[PDB]
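The file start_36.pdb contains PDB, C-alpha atoms:
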ATOM      1  CA  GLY U   1       0.000   0.000   0.000  1.00  0.00           C
ATOM      2  CA  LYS U   2       2.930   2.311   0.647  1.00  0.00           C
ATOM      3  CA  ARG U   3       4.323   2.032  -2.878  1.00  0.00           C
ATOM      4  CA  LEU U   4       2.559   3.567  -5.871  1.00  0.00           C
ATOM      5  CA  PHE U   5       2.967   3.467  -9.624  1.00  0.00           C
ATOM      6  CA  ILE U   6       5.278   6.239 -10.727  1.00  0.00           C
ATOM      7  CA  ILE U   7       5.124   7.618 -14.272  1.00  0.00           C
ATOM      8  CA  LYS U   8       8.183   8.153 -16.474  1.00  0.00           C
ATOM      9  CA  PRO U   9       8.021   8.658 -20.246  1.00  0.00           C
ATOM     10  CA  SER U  10       9.404   5.855 -22.379  1.00  0.00           C
ATOM     11  CA  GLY U  11      12.939   5.034 -21.303  1.00  0.00           C
ATOM     12  CA  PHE U  12      13.264   2.194 -23.816  1.00  0.00           C
ATOM     13  CA  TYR U  13      14.265   4.319 -26.813  1.00  0.00           C
ATOM     14  CA  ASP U  14      16.738   6.192 -24.595  1.00  0.00           C
ATOM     15  CA  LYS U  15      18.358   2.931 -23.514  1.00  0.00           C
ATOM     16  CA  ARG U  16      18.317   1.405 -27.010  1.00  0.00           C
ATOM     17  CA  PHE U  17      20.047   4.372 -28.641  1.00  0.00           C
ATOM     18  CA  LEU U  18      22.553   4.591 -25.784  1.00  0.00           C
ATOM     19  CA  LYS U  19      23.416   0.883 -25.988  1.00  0.00           C
ATOM     20  CA  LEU U  20      23.753   1.010 -29.782  1.00  0.00           C
ATOM     21  CA  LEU U  21      25.906   4.147 -29.570  1.00  0.00           C
ATOM     22  CA  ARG U  22      28.364   2.683 -27.075  1.00  0.00           C
ATOM     23  CA  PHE U  23      28.507  -0.682 -28.855  1.00  0.00           C
ATOM     24  CA  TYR U  24      29.058   0.683 -32.355  1.00  0.00           C
ATOM     25  CA  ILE U  25      31.706   3.091 -31.143  1.00  0.00           C
ATOM     26  CA  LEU U  26      33.491   0.477 -29.031  1.00  0.00           C
ATOM     27  CA  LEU U  27      33.344  -2.159 -31.801  1.00  0.00           C
ATOM     28  CA  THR U  28      36.443  -0.555 -33.349  1.00  0.00           C
ATOM     29  CA  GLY U  29      37.474   1.552 -30.401  1.00  0.00           C
ATOM     30  CA  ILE U  30      39.016  -1.304 -28.440  1.00  0.00           C
ATOM     31  CA  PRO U  31      40.673  -3.107 -31.433  1.00  0.00           C
ATOM     32  CA  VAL U  32      42.296   0.130 -32.603  1.00  0.00           C
ATOM     33  CA  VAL U  33      43.488   0.929 -29.058  1.00  0.00           C
ATOM     34  CA  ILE U  34      44.936  -2.597 -28.829  1.00  0.00           C
ATOM     35  CA  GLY U  35      46.540  -2.066 -32.243  1.00  0.00           C
ATOM     36  CA  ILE U  36      48.156   1.273 -31.406  1.00  0.00           C
ATOM     37  CA  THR U  37      49.345  -0.043 -28.022  1.00  0.00           C
ATOM     38  CA  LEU U  38      50.907  -3.175 -29.540  1.00  0.00           C
ATOM     39  CA  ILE U  39      52.605  -0.938 -32.113  1.00  0.00           C
ATOM     40  CA  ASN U  40      54.178   1.498 -29.672  1.00  0.00           C
ATOM     41  CA  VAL U  41      55.165  -1.264 -27.246  1.00  0.00           C
ATOM     42  CA  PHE U  42      56.444  -3.898 -29.713  1.00  0.00           C
ATOM     43  CA  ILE U  43      57.916  -2.032 -32.708  1.00  0.00           C
ATOM     44  CA  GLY U  44      59.804   1.032 -31.465  1.00  0.00           C
ATOM     45  CA  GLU U  45      59.429   4.679 -32.251  1.00  0.00           C
ATOM     46  CA  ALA U  46      62.866   5.656 -33.674  1.00  0.00           C
ATOM     47  CA  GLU U  47      66.236   7.151 -32.735  1.00  0.00           C
ATOM     48  CA  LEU U  48      67.711  10.541 -33.664  1.00  0.00           C
ATOM     49  CA  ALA U  49      70.721   9.513 -35.751  1.00  0.00           C
ATOM     50  CA  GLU U  50      72.304  11.986 -38.140  1.00  0.00           C
ATOM     51  CA  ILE U  51      72.393  11.452 -41.895  1.00  0.00           C
ATOM     52  CA  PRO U  52      75.279   9.141 -42.877  1.00  0.00           C
ATOM     53  CA  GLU U  53      77.932  10.101 -45.395  1.00  0.00           C
ATOM     54  CA  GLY U  54      76.933   9.533 -49.009  1.00  0.00           C
ATOM     55  CA  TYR U  55      73.394   8.374 -48.346  1.00  0.00           C
ATOM     56  CA  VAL U  56      69.896   9.722 -48.890  1.00  0.00           C
ATOM     57  CA  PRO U  57      66.723   9.024 -46.904  1.00  0.00           C
ATOM     58  CA  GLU U  58      63.287   8.992 -48.485  1.00  0.00           C
ATOM     59  CA  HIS U  59      60.240  11.068 -47.553  1.00  0.00           C
ATOM     60  CA  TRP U  60      59.533   8.616 -44.783  1.00  0.00           C
ATOM     61  CA  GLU U  61      62.312   7.970 -42.191  1.00  0.00           C
ATOM     62  CA  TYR U  62      61.869  11.593 -41.094  1.00  0.00           C
ATOM     63  CA  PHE U  63      59.046  10.965 -38.618  1.00  0.00           C
ATOM     64  CA  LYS U  64      59.032   9.747 -35.018  1.00  0.00           C
ATOM     65  CA  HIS U  65      55.971   7.570 -34.595  1.00  0.00           C
ATOM     66  CA  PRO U  66      55.885   4.462 -36.817  1.00  0.00           C
ATOM     67  CA  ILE U  67      52.203   4.603 -37.719  1.00  0.00           C
ATOM     68  CA  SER U  68      52.836   8.188 -38.826  1.00  0.00           C
TER      69      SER U  68
ATOM     70  CA  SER Z   1     -23.743  32.164   0.011  1.00  0.00           C
ATOM     71  CA  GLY Z   2     -22.813  28.527  -0.587  1.00  0.00           C
ATOM     72  CA  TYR Z   3     -22.960  25.812  -3.210  1.00  0.00           C
ATOM     73  CA  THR Z   4     -25.681  25.492  -5.752  1.00  0.00           C
ATOM     74  CA  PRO Z   5     -26.836  21.834  -5.569  1.00  0.00           C
ATOM     75  CA  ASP Z   6     -25.784  21.204  -9.185  1.00  0.00           C
ATOM     76  CA  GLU Z   7     -22.197  21.808  -8.081  1.00  0.00           C
ATOM     77  CA  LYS Z   8     -22.719  19.445  -5.142  1.00  0.00           C
ATOM     78  CA  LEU Z   9     -23.932  16.582  -7.333  1.00  0.00           C
ATOM     79  CA  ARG Z  10     -21.302  17.133 -10.057  1.00  0.00           C
ATOM     80  CA  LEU Z  11     -18.648  17.328  -7.350  1.00  0.00           C
ATOM     81  CA  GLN Z  12     -19.844  14.036  -5.843  1.00  0.00           C
ATOM     82  CA  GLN Z  13     -19.583  12.251  -9.199  1.00  0.00           C
ATOM     83  CA  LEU Z  14     -16.025  13.541  -9.474  1.00  0.00           C
ATOM     84  CA  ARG Z  15     -15.351  12.333  -5.931  1.00  0.00           C
ATOM     85  CA  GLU Z  16     -16.356   8.795  -6.863  1.00  0.00           C
ATOM     86  CA  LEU Z  17     -14.360   8.892 -10.105  1.00  0.00           C
ATOM     87  CA  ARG Z  18     -11.248  10.504  -8.589  1.00  0.00           C
ATOM     88  CA  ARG Z  19     -11.141   8.054  -5.692  1.00  0.00           C
ATOM     89  CA  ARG Z  20     -11.569   5.056  -8.010  1.00  0.00           C
ATOM     90  CA  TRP Z  21      -8.786   6.330 -10.289  1.00  0.00           C
ATOM     91  CA  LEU Z  22      -6.414   7.105  -7.435  1.00  0.00           C
ATOM     92  CA  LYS Z  23      -7.090   3.706  -5.872  1.00  0.00           C
ATOM     93  CA  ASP Z  24      -6.360   2.165  -9.269  1.00  0.00           C
ATOM     94  CA  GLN Z  25      -3.024   4.040  -9.477  1.00  0.00           C
ATOM     95  CA  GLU Z  26      -1.511   1.672  -6.920  1.00  0.00           C
ATOM     96  CA  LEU Z  27       0.336  -1.171  -8.582  1.00  0.00           C
ATOM     97  CA  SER Z  28      -0.001  -4.310  -6.455  1.00  0.00           C
ATOM     98  CA  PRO Z  29       0.188  -7.760  -7.941  1.00  0.00           C
ATOM     99  CA  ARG Z  30       2.763  -8.212  -5.178  1.00  0.00           C
ATOM    100  CA  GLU Z  31       5.085  -8.845  -8.141  1.00  0.00           C
ATOM    101  CA  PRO Z  32       5.251  -5.271  -9.528  1.00  0.00           C
ATOM    102  CA  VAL Z  33       8.504  -5.242 -11.502  1.00  0.00           C
ATOM    103  CA  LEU Z  34      10.053  -8.261 -13.180  1.00  0.00           C
ATOM    104  CA  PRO Z  35      13.046  -8.812 -15.473  1.00  0.00           C
ATOM    105  CA  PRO Z  36      12.151 -10.031 -18.993  1.00  0.00           C
TER     106      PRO Z  36
END
Could you spell out this file's structure in structure tokens?
Amino acid sequence: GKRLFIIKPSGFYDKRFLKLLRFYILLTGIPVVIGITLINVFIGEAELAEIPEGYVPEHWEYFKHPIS
Amino acid sequence: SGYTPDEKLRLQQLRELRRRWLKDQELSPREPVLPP
């Protein structure tokens, strides 16, 4: 007798859009975070060596991060 | 002054209807919410 029916408008569409939003962001949020972490913990960034004598680098091998 | 008796009778019909609605607004199967 103490409890009564309380009225709240239609939380189902709220919850459905929120669940779909988080799932279809995190479907390739976590694999890309795992990918970038495994890159910069198992491949190296680079070192800062000078240009050797009689040698040319390309337009890559000027950049720190390996995915860059 | 006071009420005209039309207002008294109309008010009594709304008393019966309002009390029946507000008594209906309790949920009590004694299983009110349930997971699907």
Interface, chain U side, toward chain Z (10 Å; all atoms listed in the file) as a compact mmCIF listing (two decimals) with C-alpha atoms, keeping the file's coordinate frame:
# COMPACT_ATOMS: atom_id res chain seq x y z
CA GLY U 1 0.00 0.00 0.00
CA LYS U 2 2.93 2.31 0.65
CA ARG U 3 4.32 2.03 -2.88
CA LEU U 4 2.56 3.57 -5.87
CA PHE U 5 2.97 3.47 -9.62
CA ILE U 6 5.28 6.24 -10.73
To one decimal in Å, tell me the separation between CA of residue 41 (chain U) and CA of residue 26 (chain U).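 Atom-to-atom, CA of residue 41 (chain U) and CA of residue 26 (chain U) are spaced 21.8 Å apart.
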To one decimal in Å, tell me the separation between CA of residue 34 (chain Z) and CA of residue 14 (chain U).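 According to the coordinates, CA of residue 34 (chain Z) and CA of residue 14 (chain U) are separated by 19.6 Å.
The gap separating CA of residue 45 (chain U) from CA of residue 63 (chain U) is 9.0 Å, in Å to one decimal.
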Any chance you could work out the residue set of the PyMOL selection byres ((chain U and resi 62) around 12) here, as a count of residues only? 18
Only C-alpha atoms, please: chain Z from the block, as a short mmCIF file (atom, residue, chain, number, x, y, z; two decimals), in the first residue's frame.
data_model
loop_
_atom_site.label_atom_id
_atom_site.label_comp_id
_atom_site.auth_asym_id
_atom_site.auth_seq_id
_atom_site.Cartn_x
_atom_site.Cartn_y
_atom_site.Cartn_z
CA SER Z 1 -23.74 32.16 0.01
CA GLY Z 2 -22.81 28.53 -0.59
CA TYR Z 3 -22.96 25.81 -3.21
CA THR Z 4 -25.68 25.49 -5.75
CA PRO Z 5 -26.84 21.83 -5.57
CA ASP Z 6 -25.78 21.20 -9.19
CA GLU Z 7 -22.20 21.81 -8.08
CA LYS Z 8 -22.72 19.44 -5.14
CA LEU Z 9 -23.93 16.58 -7.33
CA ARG Z 10 -21.30 17.13 -10.06
CA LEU Z 11 -18.65 17.33 -7.35
CA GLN Z 12 -19.84 14.04 -5.84
CA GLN Z 13 -19.58 12.25 -9.20
CA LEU Z 14 -16.02 13.54 -9.47
CA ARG Z 15 -15.35 12.33 -5.93
CA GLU Z 16 -16.36 8.80 -6.86
CA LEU Z 17 -14.36 8.89 -10.10
CA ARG Z 18 -11.25 10.50 -8.59
CA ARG Z 19 -11.14 8.05 -5.69
CA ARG Z 20 -11.57 5.06 -8.01
CA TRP Z 21 -8.79 6.33 -10.29
CA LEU Z 22 -6.41 7.10 -7.43
CA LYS Z 23 -7.09 3.71 -5.87
CA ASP Z 24 -6.36 2.16 -9.27
CA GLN Z 25 -3.02 4.04 -9.48
CA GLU Z 26 -1.51 1.67 -6.92
CA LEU Z 27 0.34 -1.17 -8.58
CA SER Z 28 0.00 -4.31 -6.45
CA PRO Z 29 0.19 -7.76 -7.94
CA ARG Z 30 2.76 -8.21 -5.18
CA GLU Z 31 5.09 -8.84 -8.14
CA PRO Z 32 5.25 -5.27 -9.53
CA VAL Z 33 8.50 -5.24 -11.50
CA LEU Z 34 10.05 -8.26 -13.18
CA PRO Z 35 13.05 -8.81 -15.47
CA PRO Z 36 12.15 -10.03 -18.99
#
